[PDB]
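Trainee: Protein sequences appear in the order of chains A and D. The first sequence begins at 3 in the deposited numbering and counts up by one. The second sequence begins at 3 in the deposited numbering and counts up by one. Sharing a structure, written as structure tokens. Questions coming.
Number of protein chains: 2
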Amino acid sequence: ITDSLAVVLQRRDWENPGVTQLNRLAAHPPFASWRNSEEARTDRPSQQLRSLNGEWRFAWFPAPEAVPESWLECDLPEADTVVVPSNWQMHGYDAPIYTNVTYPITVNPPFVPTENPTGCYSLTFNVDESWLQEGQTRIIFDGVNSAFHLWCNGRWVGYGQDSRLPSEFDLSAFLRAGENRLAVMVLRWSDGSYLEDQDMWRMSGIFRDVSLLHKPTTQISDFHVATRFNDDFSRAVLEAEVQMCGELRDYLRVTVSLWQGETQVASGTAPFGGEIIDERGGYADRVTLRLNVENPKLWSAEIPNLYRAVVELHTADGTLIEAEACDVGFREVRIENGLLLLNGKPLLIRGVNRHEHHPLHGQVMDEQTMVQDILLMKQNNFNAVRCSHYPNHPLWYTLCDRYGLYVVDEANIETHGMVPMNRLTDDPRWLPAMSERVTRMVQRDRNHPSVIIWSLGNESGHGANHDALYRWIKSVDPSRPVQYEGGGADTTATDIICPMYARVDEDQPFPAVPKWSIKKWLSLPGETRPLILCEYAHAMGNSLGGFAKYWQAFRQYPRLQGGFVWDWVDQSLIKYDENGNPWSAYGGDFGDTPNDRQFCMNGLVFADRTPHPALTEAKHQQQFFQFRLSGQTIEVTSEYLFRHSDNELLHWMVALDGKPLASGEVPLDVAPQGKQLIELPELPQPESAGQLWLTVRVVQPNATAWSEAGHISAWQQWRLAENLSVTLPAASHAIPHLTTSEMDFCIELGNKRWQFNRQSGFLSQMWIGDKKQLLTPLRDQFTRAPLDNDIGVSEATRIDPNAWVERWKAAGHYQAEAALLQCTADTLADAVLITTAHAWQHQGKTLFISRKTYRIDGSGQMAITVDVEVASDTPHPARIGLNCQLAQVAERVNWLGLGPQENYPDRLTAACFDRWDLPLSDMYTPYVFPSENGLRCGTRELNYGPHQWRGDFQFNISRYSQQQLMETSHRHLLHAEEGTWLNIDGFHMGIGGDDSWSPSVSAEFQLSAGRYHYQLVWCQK
Amino acid sequence: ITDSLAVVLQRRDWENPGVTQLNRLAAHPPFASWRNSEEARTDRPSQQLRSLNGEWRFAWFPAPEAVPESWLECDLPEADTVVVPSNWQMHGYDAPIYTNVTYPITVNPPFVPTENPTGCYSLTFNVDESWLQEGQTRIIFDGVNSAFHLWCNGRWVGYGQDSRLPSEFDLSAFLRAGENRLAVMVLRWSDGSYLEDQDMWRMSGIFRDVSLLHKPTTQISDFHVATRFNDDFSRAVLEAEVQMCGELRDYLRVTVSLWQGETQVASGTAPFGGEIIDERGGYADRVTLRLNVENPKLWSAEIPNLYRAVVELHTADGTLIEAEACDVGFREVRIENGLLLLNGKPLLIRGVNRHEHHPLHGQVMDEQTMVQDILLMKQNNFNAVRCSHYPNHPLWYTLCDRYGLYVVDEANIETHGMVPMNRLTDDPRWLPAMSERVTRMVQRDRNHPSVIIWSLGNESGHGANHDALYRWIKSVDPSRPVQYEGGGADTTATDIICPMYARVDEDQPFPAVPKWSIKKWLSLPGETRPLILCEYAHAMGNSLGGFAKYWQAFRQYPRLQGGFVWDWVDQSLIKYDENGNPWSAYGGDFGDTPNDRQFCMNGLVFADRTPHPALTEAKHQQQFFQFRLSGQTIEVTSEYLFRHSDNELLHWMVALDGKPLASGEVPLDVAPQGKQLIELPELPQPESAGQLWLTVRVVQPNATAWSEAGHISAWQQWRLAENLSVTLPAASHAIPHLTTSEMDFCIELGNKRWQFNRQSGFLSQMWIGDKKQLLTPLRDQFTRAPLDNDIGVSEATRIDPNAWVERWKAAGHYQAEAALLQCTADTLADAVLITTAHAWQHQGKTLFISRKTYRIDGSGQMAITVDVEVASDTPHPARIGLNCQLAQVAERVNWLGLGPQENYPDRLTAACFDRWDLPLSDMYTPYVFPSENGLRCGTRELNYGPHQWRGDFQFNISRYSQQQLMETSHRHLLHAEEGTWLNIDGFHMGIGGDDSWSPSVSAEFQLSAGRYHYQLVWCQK
Ligand SMILES: [Mg+2]
Ligand SMILES: [Mg+2]
Ligand SMILES: [Mg+2]
Ligand SMILES: [Mg+2]
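Encoded structure:
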């Protein structure tokens, strides 16, 4: 009767920040109630802990109150069978909504909508009779988004908010023997939604595991591990505080054993009862053991040395009551004197921001995905990661612990969408709620060594509630620093200045919360804290430009400890068409409103873990070994702090314009932070003409837990010498014919035949025999299908006039109109001289002027010269080059230049000067929101079909027009064009990336010189 | 239905620290919602604010579950009409409990005993049709101890915890035009009880007020005032922050005017919408005004300069909506460099701790008791009060604002009875709960100028949760320092070392929570904070010894900025007898179990606000002027910080053994912290034997808010000179006759005859005429009727062998037997000489030995000479004197010694050397729990009836023997005895009082010499 939906829903606890839980067990580190030390030690699975993940009965409802009381007694009939864990939007119940800042619902704290997409989960399961004999039987929800009610065997059990932490109830007195039934009322929105406004898809459901744990009545109830070190780390104390629950008796004991493998390192035995604490006594129900550990093995991302701590609750005459355990990592995290030191040396954080996202599964994490992400990171020079923006699924910590990644464990608190941002964070009434998102996260995760930094949530501004909460952390877990970015990045509630998107060299003095140049920030009078970017470099689309700029400051300034890239994966979601063929969908593609489109895809890797090009930029910049060449002594520096170049070989190779002349290999013997002198054998020199390049690569001869053998860890390249070509070509054995008309000019030599259109002024066509080549005349181009950075936060509704695209559009770049000023064929000794001048204008403003001379010769080779003028008062061109569409459609592509991967000017460090040969396909980059791509800079020679082009250019080549890319919202809607489109640029503007909602391109990357000159040479084979 | 008791009651929210409120409005400074600015200005009462104080109907129940649904519907036939506010225990429903540490209920968080006295209150009242058209009507409960549920017109409204803070609910939608009825059910025990374990009687009910408030829909929802200053305090800035409720309309303005009396001083008008705060902007619904005030009148306890702030919420046409107001105090409170400064100068807290306690009303306060208390305090040289141990009735802040007291505001949080104390305060599950007990106090008291410091509660140990709360305050209100004594008095949760019971020069090195002497604490390594006692000079019964030692240090050590004495009033209650007489009762007398007896009475004034003699000692020690005499120049130092002696006459005077030879009367013109030179007129000098004494008093000719005319604020005496008596009493015209016999000797001289028992050694009897004089032979006395301090925490069931009494007991002192060692009468030339000797012994050990000589001359005068020997191993005796019971009973007492009030060795500074005459009755101290008392030190002459004792002794004289005192539990059970018991002490040991639960008499006051010599001269005139 008082279990009735009736009576229950009455209260509307989901509409009360002052009710966060109902009948909820205290938080705590992960338990398994083993009853065999050995297993516990070996982390063998627990017979006392049962998963209820799987098939389950679910049924969706528009709102709470539409639920029928029957449901508490018997399963509904239209109740579909579903899988748990899962997100119901992932099942087609409702739409997944992609909103950033803007709240999904209407802002009326603490009120939520009546139309409250409720989902009912149900489950029938049998309990051993043994479970009900003794012990307690509790249940666990690793995450239920957003809030829910719960019932067992028709009776009400409890309530709980906070989608990111576990909720546990004591089922002990409600289950009967054999057949039992669960009734879970997950509400979609609650007063707790006002605290989960993170930038990600908004979904629901029981998205993490569900389990059953049976503990004995007299049990272990919480435990903490602590490690103190002497001055040289040669010795540590392992301190354990153990708390029990149950009636205390003089026979109870507690042993805590430390294991290194099979070998028992230290063991301690003691009976309950703590030291005096106050005028009343101590905890009788606690005990602290201190284990003395000598010349311990330290944990780092560099070497994840773990131990196993087993905690046993037993009697004096040896009977074992139960065991628990955790991995132990001996590390000291300390901010000393402006520096964030780990085990004494000052860290350099090469990390990134990551969400729990699966294109397919929504926000359900699995062991495989986890593992995958990590190895990729690890493989790409990542050290650390941030749980942006909530505590993650439990296994995560264990993988980082085991594999070696520093984690910044972050509280599930984000109220971005409030005005001001502080509205709640600064409201005493929201104290309790936040409080619990902080306290429980700490109490659950505090034993993992990977966690080295606790965060207070994200963009919630700065409120008196953060100060209190941070004070709490400091008080309870002095082992780690706390940090929080809200309110200006330097508030009193952070131990680190941790801004997002601060620029290296340029300031953004916004009212109340500016963004000083990072280097500048450190010296602001007063200031002495380390600076570590909590978010920097927007991996959004074609991005990561300027990346190096960052890597370089980090390296020159001590107090700049690196930072976290935004972000790892594309929060894109899979959809299917009129033929069950899938495609990658983004915000509002689910009819979701309001939404924020592509804004959800800022990763370094596709949502399927296939990497984006930027990823290599990161990998090279983040590399652990640095080099400098001096004569033929290569000096190698270790950027490792703890480890030794003990699985690395140096590959060196000397080449002349793609031709290898020499190679050798050296094993690295650099200590962490150390140097290593390498002298190379008298290097070869050719009489032959062309650039000599030196390329070194670092290799991992042996596999690791996260890398393959022969994995390349780092690299670097130097141009050695240039041997200028002073050989004037053989003055062609014949001369070219010219034939004229009023329409065009035609040049003929062999089967070769060109033709210029006297009207228009461009090479309109060319034949190699009865075959034609162009489908499109060859004309100048000064635009580009805009990148995400170019567009930014501009929308047809609302226009961002400062955004590049807006600027170009406005200036008429996109709709210019050529004009033939001149076009002249002249005849020379052994050549033909075509000569043009065109003027680009929009509304009687000459935007540009392109002056040119084609000079065909008896070898059947034309030499294009271009000389453009750009008006000082026009937004600087995205680019400056030529383009055209050929007919050939060849399988490969081969050039002598940077690559093999897509490189743009402000992002080209990870690339190498070589002779690359790829499939055309690899020439297009499958960004989900089409835009200019696949460019390759620094090309000296291109080759496709029978044509070859030569000189100093940037180029790109696909079967998509710059214009097709630009009028297509999804990569899935692109269609190949008739032949190959070619873009040959003498010049290309930067890509930007510092952020995607304002102009990121740095001056040196902008094309603002007014005069450009470039040459080409086209020819065939 | 859902309103039903059953449904409601079902969730047992008073058994869950999670739910602490249900639908309660937020907190804020006192509002009245005046609809005329003048009334606001002048504080005239509000038509919009209605009191429900009065006659209610009430029914007591042994349990919440015993309540009958009906209740919600209709009142009860057997419901008693009762008054409100009140304490039901004050009525008879149940028994008040007087317990200290030990909780009233059984320790089992968050659980409460099933049997939980419950009180249903209900009330039928009328609502003005007008209140129901517009605005919001709400209800205020100023104090419901300890939890409650509310119903309106049979509907359920909400729930509240926290006994010492208002709970307000909007009744808006439950009020029916005309007759409404209230249904309140208060619970005696709730989980909130765990945080209210303060040492005091434990009662319950609706002990403060209940009002109705009518505010508009667009109203003022909170406002804080703040005041900055400049270096010299010549210009201040009053900054006011206004927040609102309702819908924001552009035509809304706010104006804050500052009045000083009649005269307007500053004004500000503006409209809503604050400065940019973060990425999202500012508060639209807030506004901040800054008014400049040149040379503000400053606020202090010396001079309460107060202004009036009116906050008007109006439209732009100048149409008023609502107005709010508060009194403003221009003062700056800072801890600069070790010192706690007020307005720039450093304080010296002359404080006391006070409880809201009325012998009759139980814990309901009234304005008249508040006033009294202040006035008495002020009169007695108190400066400050600490709200032990919860927020007080609102009026209390206002009287302090206006009269001049410094208040320490303290949270209603004390979990003393836990083990250890930290237990809940270090538990996050308890964070919200406490969070609210702090945050709400601040939201409410923050605007009073009297509050200079915030305290997180009392004796709750030190837990993470204090740290956070402490930081919370600092953040929210940096204008005040925070303090907490828990955990060692020096934790990170305090800005001040605020220990309790810390000894002046002696340390008490408890484990974990040592109590260093105060001089020494300061000087510990790293220590730099100021030191102020939260409790000291425990004033239980015959106490206050050593008080001066404390004063001396305060005054010598800068960082020792005084303390708060414990405590103000006696928590004794009034019981009635058979014949209808009242009598002070205490712990245990209401059949309370368990109870801490006399432990509830530690005050300076009886519960009837009649001073305890200790009062005077304090008043003198804390006096604002200090004296130094040199030659005949008095140098007055002023300890006032802010004010000049503008109401002070120094009256002076000189006498020889109570015979006033002289007196002047100068006018004090000393500035704060200045000196005044007082050269005295050539003072006489008589040839006569006697001591010449200089007394000086400082008088207040002008009556003040809290003082009459002719009130005395300071005093001091000095003996100036002694002319030695080198004269012998004339030739005895006669000689006494001795008549011998087996049992006795007799002396006769005229009508006077004396007899000494030859078998006992005592003067058995004496006659004047045919008038017997003694009722009890004059014998020797070593012990005393135990002071509370002598007893401590030694109970019958459990003995503390260190308690002084326990020691005297064990040693035999109380029951040793005399032993006639020798007794001889001899005949001198003109006198008779008696000579005795006795030994006192127990278990055959001589504790003491007294050799005497009585000697009678022709003058009719017996000079008694005494010489006592105390055994080294024996506990030093209490006293060393004689006693007997005379036959006469007189009306007055005259003596020339220290008076006029009870004074004791370690408590006599306040007393004065002079001739006093009082009525016997004034010579007994009505300590509720009877003990040695009324002593009078430094006597040189005492007269009772015909007798006259002469010499240098200490004495006391009542109609009660020490035995009575001893065996009598309450003063009311004391009966007068046949005659007059007299006690004449050559010596007395000090009273102690540093604390009442361990030895407190300083060595200097213990009779530890061995040999003691003294001599009387008994005679008649
Ligand atoms: Mg809630
Ligand atoms: Mg956001
Ligand atoms: Mg409660
Ligand atoms: Mg206490």
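In this text, a Cβ means the ideal position worked out from N, Cα and C, and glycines have one as well.
(1) Quick check: D:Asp492 and D:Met443, are their CB atoms within less than 8 Å of each other?
(2) Put D:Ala716 into one of helix, strand or coil per three-state DSSP.
(3) Could you tell me whether the region 422-437 of chain A touches the region 227-241 of chain A, using the rule of 3 or more Cβ pairs below 8 Å?
(4) Does A:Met542 come out as helix, strand or coil in the three-state DSSP assignment?
(5) For A:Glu681, does the three-state DSSP call read helix, strand or coil?
(6) Which residues have their C-beta within less than 7 Å of a heavy atom of ligand 2, listed in chain order?
(7) Buried or exposed: where does residue 1030 of chain D fall if 16 or more other Cβ atoms within 10 Å of its Cβ makes it buried?
(8) Compute the distance between the beta-carbons of residue 1026 of chain D and D:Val313, then report whether it is under 8 Å.
(9) Please tell me whether residue 1036 of chain A has its Cβ less than 8 Å away from any Cβ of chain D.
(10) By a C-beta neighbour count over all protein chains shown, 10 Å radius and 16 as the cutoff for buried, is A:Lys773 buried or exposed?
(11) Are the CB atoms of A:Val453 and A:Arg482 within a distance shorter than 8 Å?
(12) Tell me, which residues are paired with A:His840 by DSSP?
(13) Beta carbon of D:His713, beta carbon of D:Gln381: below 8 Å?
(14) Mind reading off the beta-carbon distance from D:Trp58 to D:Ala149? Whole number of angstroms is fine, and I expect it under 8 Å.
(15) Say yes only if the C-beta of D:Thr120 is nearer than 7 Å to one or more non-hydrogen atoms of ligand 3, and no if none qualify.
(16) Check whether chain A comes within 8 Å of D:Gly320, counting only Cβ atoms and requiring the distance to be less than that.
(17) Give a yes or no on contact between the region 996-1010 of chain D and the region 778-794 of chain D, applying the rule of three or more CB pairs nearer than 8 Å.
(18) For ligand 3, is there a heavy atom less than 7 Å away from the beta-carbon of D:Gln365?
(19) Between D:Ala68, D:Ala550, D:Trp158, D:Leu562, which lies nearest to D:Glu529 when the distance is taken from Cα to Cα?
(20) Do three or more CB pairs link the region 27-39 of chain A to the region 64-74 of chain A at distances below 8 Å?
(21) Using a Cβ-Cβ cut-off of 8 Å, state whether D:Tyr285 counts as contacting chain A.
(22) How would you label D:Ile3, buried or exposed, when you count the other beta carbons within 10 angstroms and need 16 or more for buried?
(23) Could you pull the DSSP bridge partners for D:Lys517 from this structure?
(24) Counting only Cβ-Cβ distances shorter than 9 Å, please list the residues of the region 416-433 of chain D near chain A, keeping chain order.
(25) Assuming A:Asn958 is part of the alpha helix (DSSP H), what are its boundary residues?
(26) Which residues, in chain order, does the region 8-33 of chain A contribute to contact with chain D at a C-beta distance below 9 Å?
(27) Report, in whole angstroms, the separation of the C-beta atoms of D:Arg917 and D:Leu898, which I expect to be a contact under 8 Å.
(28) Nearer than 7 Å: is that true of the beta carbon of A:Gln964 relative to any heavy atom of ligand 1?
Mentor: To lay it out plainly:
(1) Position 490 of the second sequence, counted from the first residue, corresponds to residue 492 of chain D. Position 441 of the second sequence, counted from the first residue, corresponds to residue 443 of chain D. Not in contact: D:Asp492 and D:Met443 (Cβ atoms no closer than 8 Å).
(2) As a working note, residue 716 of chain D is residue 714 in the second sequence. The answer is strand: DSSP assigns D:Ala716 an E or B state.
(3) no
(4) As a first step, residue 542 of chain A must be located in the first sequence, where it is residue number 540. Three-state result, A:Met542: coil.
(5) Locating residue 681 of chain A in the first sequence gives position 679, where the first residue counts as 1. Secondary structure at A:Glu681: strand, using DSSP grouped into helix, strand and coil.
(6) A:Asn102, A:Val103, A:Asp199, A:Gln200, A:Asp201, A:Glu416, A:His418, A:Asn460, A:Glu461
(7) Summary: the structure shown does not reach residue 1030 of chain D, with chain D confined to residues 3 through 1023, and so no result is reported for it.
(8) The structure shown does not extend to residue 1026 of chain D, since chain D is modelled only from 3 to 1023, so the question has no answer here.
(9) Because chain A is modelled from 3 through 1023, residue 1036 of chain A falls outside the range shown and cannot be assessed.
(10) Translated into the one-based positions of the first sequence, residue 773 of chain A becomes position 771. Exposed, by the Cβ-count rule.
(11) As a first step, residue 482 of chain A must be located in the first sequence, where it is residue number 480. As a first step, residue 453 of chain A must be located in the first sequence, where it is residue number 451. Yes, the Cβ-Cβ distance between A:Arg482 and A:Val453 is below 8 Å.
(12) Against the first sequence, residue 840 of chain A aligns to sequence position 838. Assignment of beta-bridge partners to A:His840 by DSSP yields A:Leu822, A:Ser852.
(13) Along the second sequence, read from residue 1 onward, the residue named residue 713 of chain D stands at position 711. Along the second sequence, read from residue 1 onward, the residue named residue 381 of chain D stands at position 379. Going by C-beta atoms, D:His713 is nearer than 8 Å to D:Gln381.
(14) For the purposes of this step, residue 58 of chain D is identified with residue 56 of the second sequence, where counting begins at 1. For the purposes of this step, residue 149 of chain D is identified with residue 147 of the second sequence, where counting begins at 1. At roughly 18 Å, the Cβ-Cβ gap does not stay under 8 Å, so D:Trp58 and D:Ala149 are not in contact.
(15) In the second sequence, counting from the first residue as 1, residue 120 of chain D sits at position 118. Checking the Cβ of D:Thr120 against ligand 3 gives no.
(16) Taking the first residue of the second sequence as 1, we reach residue 320 of chain D at position 318. No, no contact with chain A.
(17) yes
(18) As a first step, residue 365 of chain D is located in the second sequence; it is residue number 363 there, counting from the start. Answer for D:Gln365: no, Cβ out of range of ligand 3.
(19) Against the second sequence, residue 529 of chain D aligns to sequence position 527. Among D:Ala68, D:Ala550, D:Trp158, D:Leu562, the Cα nearest to that of D:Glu529 belongs to D:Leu562.
(20) With fewer than three CB-CB distances shorter than 8 Å, the region 27-39 of chain A does not count as touching the region 64-74 of chain A.
(21) Here residue 285 of chain D is taken as the residue at index 283 of the second sequence, counted from 1. It does; some Cβ of chain A falls within 8 Å.
(22) Taking the second sequence and counting its residues from 1, one reaches residue 3 of chain D at position 1. Classification of D:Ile3: exposed, given that the 10 Å Cβ count is below 16.
(23) For the purposes of this step, residue 517 of chain D is taken as residue 515 along the second sequence, with counting starting at 1. According to DSSP, residue pairing for D:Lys517 in a beta bridge involves D:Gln510.
(24) Using a CB distance below 9 Å, the part of the region 416-433 of chain D facing chain A consists of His418, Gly419, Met420, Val421, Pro422, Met423, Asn424, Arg425, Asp428, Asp429, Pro430, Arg431, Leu433, ordered along the chain.
(25) By 1-based counting over the first sequence, the position of residue 958 of chain A is 956. Not the alpha helix (DSSP H): A:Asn958 falls in the beta strand (DSSP E), residues 949-960.
(26) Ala8, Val9, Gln12, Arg13, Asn18, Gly20, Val21, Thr22, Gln23, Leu24, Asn25, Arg26, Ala28, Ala29
(27) The residue labelled residue 917 of chain D in the question sits at position 915 within the second sequence. The residue labelled residue 898 of chain D in the question sits at position 896 within the second sequence. Contact flag correct, Cβ pair sits at about 5 Å.
(28) Numbered from 1 along the first sequence, position 962 holds the residue referred to as residue 964 of chain A. Flag unset: Cβ of A:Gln964 not near ligand 1.
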